[PDB]
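Protein chains in written order, with the entry's author numbering: chain J, 13 to 155; chain M, 3 to 319; chain I, 1 to 114; chain H, 3 to 507.
Even for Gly, the Cβ is constructed at its ideal location relative to N, Cα and C.
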Ligand code: SF4
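Here it is, written out as structure tokens:
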């Protein structure tokens with residue numbers, strides 16, 4: 013069901029990050045992991061503008077009540093094989109917002125996450141390490 | 003007749019190899035111009051295969067043209083390859099065959115707009131009425147230049163007038179001192195048309211900007227996206243081949259059954275040198291403009307220079 | 001205009017182009033996954049078919065195929081042309097009769113002289 | 003083998019009220035058969051005239067001469083150009099009779115309908131077949147009377163008896179100028195025919211011979227879409243059943259209005275008068291008609307009124323070609339335009355019949371004339387919209403279809419003649435492209451709330467579409483073969499008057 017011609021997406025992933033109520037600390041790290049000092053285009057990643065194209069979602073922020081259907085709505089429209097990488101210490105159970113009537117924490121109880129990266133916020137090398145680890149999982153899953 | 007099928011298959015396979023490789027060299031040069039390693043050279047030959055890999059999505063409100071316009075686009079590009087000057091005179095070039103070229107170079111973009119607009123949600127409806135305004139606005143600028151040069155190379159004598167096989171007989175550059183000014187005015191209008199047809203630079207309007215970065219092709223998702231990203235690259239090669247055919251064809255004579263391929267390589271090198279200025283430099287050096295400012299520039303500072311060039315070159319013969 | 005049999009080669013190269021371009025999908029449907037049918041348009045993902053929190057979509061567009069103005073000195077003359085021609089067609093029977101009467105007189109006066 | 007084009011429609015028309023006493027559905031299956039036999043007889047008379055000769059025929063004695071030296075009886079002359087009108091009027095008539103079985107069956111009293119629609123294609127053969135000058139008036143009157151009686155048929159609607167009055171009270175005046183011309187042209191010369199009158203017109207020119215031409219042409223220009231007098235068509239097309247407008251935009255405009263001008267200028271009134279005057283008189287109306295017809299064909303909001311104003315702008319091409327084809331006599335320039343204005347009649351009849359039958363199906367299914375409310379019609383009615391797409395691409399002319407080579411001739415003729423009229427033509431062909439592109443973008447959209455519950459028509463409303471599309475595609479593979487074997491020798495035998503009046507003798 014994963015058939016065979018998908019070794020190539022391990023050499024060309026396209027990303028699209030889904031903000032749901034962050035405080036813009038990790039969104040800088042998504043953007044600054046593509047500038048000339050921490051360069052990432054040499055692997056092939058390419059910030060794309062619509063969820064039809066992409067195959068790695070890149071969810072940040074604690075899931076705020078108003079943005080709860082949107083996260084469940086943009087998960088169908090990405091096509092097949094795709095992974096989900098959760099970045100930060102607020103998809104992993106909130107950080108300081110674990111006790112609100114508005115933030116339903118960890119992102120695992122909404123959609124099936126694959127790789128978590130702790131930190132607040134993570135340095136941009138940790139994001140590269142996370143995407144390499146998830147991509148070698150999906151290379152294992154092919155064979 | 004059957005010897006006109008072998009060329010149409012083999013030249014298609016050649017151009018489909020070369021065009022993506024030129025795109026890869028272009029992305030490498032643009033990456034090095036701003037302190038970056040950049041992707042490896044044959045990077046589009048992976049992106050093509052992974053776009054053919056995935057699962058195509060059809061929306062619930064979609065016509066029979068959503069699944070059938072990215073066939074007709076590639077079909078009228080492959081059928082256009084048989085009329086283009088690849089360095090040797092083309093295969094099906096008869097006495098007409100300029101208006102067939104202009105018609106089929108117009109018609110592919112209309113198939114693209116009809117394929118985008120034939121869907122549901124009105125991001126495609128706003129991303130299509132911005133397309134056809136720029137389509138109408140950029141094709142009286144090339145018709146005057148090409149009709150003036152095709153009329154003017156027919157005074158000194160040829161047997162297939164108004165045909166692209168007649169453009170290797172005699173060029174602009176031997177009409178005397180006044181033609182040297184029409185040469186640079188015509189270099190201006192042809193570089194402007196070539197930048198505004200493949201849509202990069204100032205004129206990067208209906209591709210990666212639907213109100214921010216949504217684009218026109220916000221909807222095509224699987225196989226269809228791979229076919230469209232192939233067809234636009236073949237059209238990139240075709241338009242620049244026209245530009246190097248009109249401006250300066252200087253090929254070798256070299257009779258034999260292998261002078262064809264030597265002239266083919268020399269034409270490929272001239273295509274590379276013409277893209278290297280326009281696409282790479284003009285993309286790196288200048289951002290977008292607008293749509294209401296991209297219309298009043300092609301009717302004021304490009305179409306005017308075509309009239310000046312055509313009138314001044316008419317006063318040379 | 002062009003050739004004598006030349007409009008018959010155009011169909012040949014066009015059909016061989018469609019055969020190659022359809023053969024490519026016939027290959028690429030086999031290798032790779034199938035399709036499915038979702039609907040929201042991937043277009044401002046907040047709402048697909050909802051009712052009201054603030055105002056929302058379903059304000060559909062008519063035929064407006066113009067979003068540009070050349071020298072912005074031609075649209076006024078075009079509208080001043082279409083206005084008079086639009087309200088010429090009144091719909092009264094003496095208009096019909098007077099038009100064919102003056103047409104007959106015009107052709108008669110020209111044919112008498114030369 | 004050529005009385006049988008008048009015998010069979012009379013036998014179908016005069017025998018319909020005695021076969022409607024079978025009170026079932028025989029009243030249609032008799033009409034379809036009796037309209038089908040005329041197609042066979044039309045093909046055979048086309049083959050017989052293109053084999054050899056310019057055949058005359060005489061009703062009575064075997065010769066049109068008694069013990070005298072001038073014609074007595076009524077003579078028929080069916081030279082190469084009348085044969086195309088006989089061949090194309092017996093084709094769209096069949097395809098529009100077998101059409102309306104499923105359309106026009108919610109309504110009442112369709113026993114008179116089929117005999118009127120059989121009279122239509124009876125009073126339109128006899129204009130082509132004839133060679134007498136008074137017989138022309140009766141056969142122009144039959145067509146006009148039954149076309150008055152088919153427009154105002156649905157009498158209970160708000161404006162079906164509003165188009166009928168407008169067409170009636172002006173057509174019944176324009177069809178009496180012709181009778182005053184015949185009354186004023188009898189008493190001066192003395193004979194009543196079309197071959198021997200061109201002999202008598204040559205010796206003694208009179209002021210009568212020009213008075214009886216001025217209002218004669220001014221009358222026949224009302225049965226067209228000529229430019230000051232084009233208003234009855236614009237509201238006679240939305241107020242009609244769709245089987246009528248397919249046989250009124252394509253045929254009755256270009257039998258009683260173009261063919262008649264061509265015949266009574268090129269054969270009677272042309273050994274004496276300069277053709278160069280009548281050329282510049284016709285060509286002014288050809289240039290008003292383009293702009294007036296295709297300028298307000300882009301401000302519309304209705305669906306059938308769009309097609310009504312697009313079928314008056316295609317008449318300007320025909321008048322321009324037929325006008326340039328007179329100020330230049332036998333040469334190369336003014337010969338390829340008269341050849342370029344015959345081929346456009348048969349192409350325009352085919353594509354406009356195809357483009358009205360599809361609008362009939364759409365307007366029958368959901369019931370709203372407005373084109374702004376319905377959008378995304380191709381989501382739930384695909385085959386209909388594809389037929390519309392081919393029929394819209396064929397008008398402006400795209401080179402794989404047949405509308406290209408029919409219009410390249412008028413382009414190169416008007417460009418080699420004078421370079422102003424070519425610019426007029428290019429303006430007139432920009433505006434129609436704008437109109438059909440706009441109406442095309444209204445149909446590929448999101449499915450609106452008034453469309454979603456819809457289907458396709460049956461088989462007998464779908465079978466004419468297939469034959470028309472196959473005809474105008476395979477007719478487009480061979481454009482420059484059919485423009486040298488048929489329609490250059492057709493147009494060379496229009497100014498060939500000496501053989502006309504010599505084969506009468
Ligand atoms: S994960 Fe931490 S650094 Fe990132 S948005 Fe949340 S609180 Fe801020």
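At a CB-CB cut-off below 8 Å, which residues of chain I make contact with residue i?
i: residue 312 (chain H); result: Within chain I, no residue comes near residue 312 (chain H); the closest Cβ sits about 16 Å away, beyond 8 Å.
Going straight from the alpha carbon of residue i to that of residue j, what length do you get?
i: residue 78 (chain I); j: residue 299 (chain H); result: 14 Å
i: residue 173 (chain M); j: residue 247 (chain M); result: 10 Å
i: residue 180 (chain H); j: residue 47 (chain H); result: 30 Å
i: residue 382 (chain H); j: residue 49 (chain I); result: 20 Å
i: residue 322 (chain H); j: residue 280 (chain M); result: 47 Å
i: residue 233 (chain M); j: residue 215 (chain M); result: 22 Å
i: residue 10 (chain H); j: residue 457 (chain H); result: 39 Å
i: residue 449 (chain H); j: residue 309 (chain M); result: 46 Å
i: residue 91 (chain H); j: residue 257 (chain H); result: 9 Å
i: residue 111 (chain H); j: residue 22 (chain H); result: 11 Å
i: residue 147 (chain M); j: residue 418 (chain H); result: 22 Å
i: residue 131 (chain J); j: residue 100 (chain J); result: 6 Å
i: residue 47 (chain I); j: residue 64 (chain M); result: 19 Å
Using a C-beta to C-beta distance shorter than 7 Å, which residues of chain I count as neighbours of residue i?
i: residue 298 (chain H); result: 85 and 86
i: residue 216 (chain H); result: 104, 107, 108 and 111
Run down chain J in chain order and give the residues with a C-beta less than 8 Å from the C-beta of residue i.
i: residue 215 (chain M); result: 61
i: residue 220 (chain M); result: 61, 62 and 64
Relative to the C-alpha of residue i, which residue among the options is closest?
i: residue 73 (chain J); options: J:14, J:92 and J:128; result: J:128
i: residue 308 (chain H); options: H:236, H:219 and H:414; result: H:236
i: residue 427 (chain H); options: H:399, H:472 and H:412; result: H:412
i: residue 142 (chain J); options: J:53, J:30 and J:70; result: J:70
i: residue 152 (chain H); options: H:113, H:379 and H:366; result: H:113
i: residue 489 (chain H); options: H:145, H:135, H:87 and H:401; result: H:87
i: residue 261 (chain H); options: H:205, H:187, H:282 and H:493; result: H:493
i: residue 82 (chain J); options: J:30, J:22, J:49 and J:96; result: J:30
i: residue 231 (chain M); options: M:34, M:52 and M:16; result: M:52
i: residue 83 (chain H); options: H:71, H:52 and H:230; result: H:52
i: residue 149 (chain M); options: M:253, M:312, M:298 and M:199; result: M:312
i: residue 144 (chain M); options: M:278, M:245, M:295 and M:110; result: M:245
i: residue 113 (chain J); options: J:134, J:62 and J:75; result: J:75
Please compile the residues from chain M whose C-beta is within a distance smaller than 8 Å of the C-beta of residue i.
i: residue 92 (chain J); result: 56 and 57
Just the chain M side, please: which residues come within less than 9 Å of residue i by C-beta, in chain order?
i: residue 76 (chain I); result: Those do not exist, as residue 76 (chain I) stays about 16 Å from chain M at its closest Cβ, beyond 9 Å.
Output, in chain order, the set of chain H residues within a Cβ distance shorter than 8 Å of residue i.
i: residue 63 (chain M); result: 378, 381, 448 and 449
So with CB distances below 9 Å, who are the chain I contacts of residue i?
i: residue 6 (chain J); result: Outside the displayed span of chain J (13 to 155) sits residue 6 (chain J), for which this structure offers no information.
i: residue 481 (chain H); result: 7
i: residue 212 (chain H); result: 108, 111 and 112
Taking Cβ-Cβ distances shorter than 7 Å, what residues in chain M pair up with residue i?
i: residue 23 (chain J); result: 48
Anything in chain J within Cβ reach of residue i, meaning under 7 Å, just list it in chain order.
i: residue 38 (chain I); result: 88 and 89
* Continuous beta strand (DSSP E) assignments of at least 3 residues falling wholly in the stretch 107–177 of chain M -> none
* Return the chain-ordered ranges of every beta strand (DSSP E) run that is complete within the stretch 159–247 of chain H and spans a minimum of 3 residues. => none
* Interface residues of the stretch 375–386 of chain H facing chain M [CB-CB below 8 Å] -> 378, 380, 381 and 384
* In the stretch 48–61 of chain J, which residues sit with their C-beta less than 8 Å from some C-beta in chain I, listed in chain order? -> none
* **Segments assigned alpha helix (DSSP H), at least 4 residues, entirely inside the stretch 249–323 of chain H** => 261–265, 277–297 and 306–312
* **Members of the stretch 444–474 of chain H near chain M, C-beta cut-off 7 Å** => 446, 448 and 449
* Asked: Using a beta-carbon distance cut-off of less than 9 Å, what residues from the stretch 395–406 of chain H approach chain M?
  -> 400 and 401
* Taking a Cβ distance cut-off of 8 Å, strictly less, list which residues of the stretch 137–161 of chain M are near chain I, in chain order. => 139
* Asked: Which residues, in chain order, does the stretch 17–32 of chain I contribute to contact with chain M at a C-beta distance below 7 Å?
  -> 17, 18, 20, 21, 22, 25, 28 and 32
* Asked: At a Cβ cut of 9 Å, what residues of the stretch 38–49 of chain M count as close to chain J, listed as they run along the chain?
  -> 38, 39, 40, 41, 42, 45, 48 and 49
* Asked: Which residues, taken in chain order from the stretch 56–80 of chain I, show a beta carbon closer than 7 Å to some beta carbon of chain H?
  -> 60, 62, 63 and 65
* To do: Tell me the start and end of each unbroken alpha helix (DSSP H) in the stretch 25–71 of chain J that is at least 4 residues and wholly inside, in chain order.
  => 38–43
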